[PDB]
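The chain contents come next:
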Amino acid sequence: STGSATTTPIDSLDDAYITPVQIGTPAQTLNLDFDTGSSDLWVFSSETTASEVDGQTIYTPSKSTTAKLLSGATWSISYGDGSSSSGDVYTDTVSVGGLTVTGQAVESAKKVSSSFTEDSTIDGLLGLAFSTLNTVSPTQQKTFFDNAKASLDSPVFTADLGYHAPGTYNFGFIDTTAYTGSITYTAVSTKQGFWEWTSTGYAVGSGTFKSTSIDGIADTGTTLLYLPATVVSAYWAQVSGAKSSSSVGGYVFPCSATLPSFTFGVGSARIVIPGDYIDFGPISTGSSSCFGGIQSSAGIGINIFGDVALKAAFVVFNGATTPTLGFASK
């Protein structure tokens, strides 16, 4: 089997992407944030505290003839941005782009933190990291991809995120028309539960490539590119007037600037992020100070190849017995 679904930016900045997902019988379609940095499929629901729902579409398990309470199971998750959610668990039929999994754990939120409530466009998350990170207790549950894998034509999914435009998540096949050149594959460590890999270096604009190992994670659920402070300083030093602002929370730059590109290495291959992809717009409405899309990871503990980086590539998440990642230009 295969599946193919369009993923759409939630706003004009590409802050996140939503993909329609069919849950239950008859189908209830929710728009979920596919997140290769986490491993829970959780949804706003008829069980979510009413004051914490503000425009999201909810899953109502009592209206699904295939829903079953997973007795005794609870979940609770906290994300790198400080947001969180928790609740109980049903199993139900879940379909993405024509690919159907029966008995998928659907984690129904009883509580969500304010940032989720405040974002009416995201109805939940669909985790695509390794199932070892799934938070369901006392019996950890598998991700949608883990449950689908054996049925897929090939045990892979691909992320093709758009810049200011829709893109595609495919399951079970590699669309050879969706990228240019060849796909360069690179090793993955699953020791932390992430799609963790090592970039071979970077360049700023037209500058020389610096060969240096940068361990980080491929994370579709993180907006920005978070890299070591040395790398980030070298980038922003090429933007007149850019500075790190402790009050704003990162590097800012004059909105009148033209940003240089940023290149990262994948083996001997190179992925070029155009400068425009690094512009996240005014820090507040009407400001001429703009927020940068490349930020320091120094306070995180891990480097993160988020959407800024991934949307410059066609990315293969290869879930074979020894997982690997592939990157192609597009």
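Anything mentioned here points back to the structure above.
Scoring rules and cut-offs
- Residues numbered from 1 in each chain as written, not as in the entry; some residues may be left out.
- Heavy atoms only, no water.
- Residues with missing side-chain atoms left out of burial classes, pairs and counts.
- Pairing = 2+ DSSP bridges.
- Helix = DSSP H or I, 4+ residues; strand = E, 2+ residues; numbered from the N terminus.
- Axes fitted to C-alpha atoms, helices over the stretch in contact; angles between N-to-C directions.
- Disulfide = S-S within 2.5 Å.
- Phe/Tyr/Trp six-rings, centres within 6.5 Å; stacked < 30°, edge-to-face > 60°.
- Buried < 20%, exposed > 50% of the residue type's maximum accessible area, 1.4 Å probe, protein only.
- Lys NZ or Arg CZ within 6 Å of the ring centre and 35° of its normal.
- 1 Å grid on protein atoms, 1.4 Å probe; cavity = no way out; pocket = protein on both sides within 12 Å on 5 of 7 lines; lining within 4 Å.
- Points joined across faces, edges and corners; volume = space filled by probe spheres on them.
- Nonpolar A, V, L, I, M, F, W, Y, C, P; charged D, E, K, R; others polar.
- Domains from an automatic or database assignment.

Visitor: Outline the sheet that holds strand β20 (residues 289-292), listing residues and values.
Guide: Pairing is antiparallel across the open sheet formed by four strands, whose spatial order is β15-β16-β20-β19. This sheet does not close on itself; its edge strands, each paired only once, are β15 (243-245) and β19 (279-282). Ignoring which end each strand starts from, the neighbouring axes of this sheet average 40° apart.

Visitor: So, the environment of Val-308: which residues are in play, and what are the values?
Guide: With respect to the element layout, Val-308 can be found in helix α4 (residues 307-310). The spatial distance from the C-alpha of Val-308 to the C-alpha of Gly-293 is 6.7 Å, given a sequence separation of 15 residues.

Visitor: So, the state of the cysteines: which residues are in play, and what are the values?
Guide: Simply put, the disulfide is a covalent bond whose two ends are the sulfur atoms of two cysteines. Counting across every chain of the model gives one disulfide. There is a disulfide in this structure between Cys-255 and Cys-290, and the S-S distance comes to 2.0 Å. Where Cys-255 bonds to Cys-290 through sulfur, the torsion about that S-S bond is close to 110°, and the disulfide is right-handed. Here the residue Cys-255 occupies a position in the loop between β16 (250-254) and β17 (262-266), and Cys-290 occupies one in strand β20, the gap between them amounting to 35 residues.

Visitor: Now, about the packing of aromatic side chains: what can you tell me, with residues and values included?
Guide: Two numbers describe a pair of aromatic rings. These are the distance of the centres and the angle of the planes. On inspection of all chains with the given rule, the structure shows 25 aromatic pairs. The interplanar angle of 65° and the centroid separation of 5.9 Å between the aromatic rings of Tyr-79 and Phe-116 together place this pair among those described as edge-to-face. Here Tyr-79, found in the loop between β5 (68-78) and β6 (84-96), pairs with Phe-116, found in helix α1 (residues 114-117); they are 37 residues apart in sequence, far enough to count as distant. Across the pair, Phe-116 and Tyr-79 agree in class, each one buried. We note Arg-270 situated over the ring of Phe-209; from NZ or CZ to the ring centre the distance is 3.7 Å. For the cation-ring pair, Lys-311 lies above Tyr-277, with the distance from its terminal atom to the ring centre recorded as 5.5 Å.

Visitor: An account of the layout of surface pockets is requested, with residue identities and associated values reported.
Guide: Here the largest pocket defines a volume of roughly 1,200 Å³. In this structure, the largest pocket is lined by 38 residues; those nearest its centre are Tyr-79, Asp-81, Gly-221, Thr-222 and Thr-223. Contributing elements (two or more residues each) for the lining of the largest pocket: β3 (28-35), β5 and α1. Here the lining of the largest pocket is composed, by residue class, of 18 nonpolar, eleven polar and nine charged. Viewed by domain, the lining of the largest pocket spans two of them, domain 1 (5-174) and domain 2 (175-330), each represented by three or more residues.

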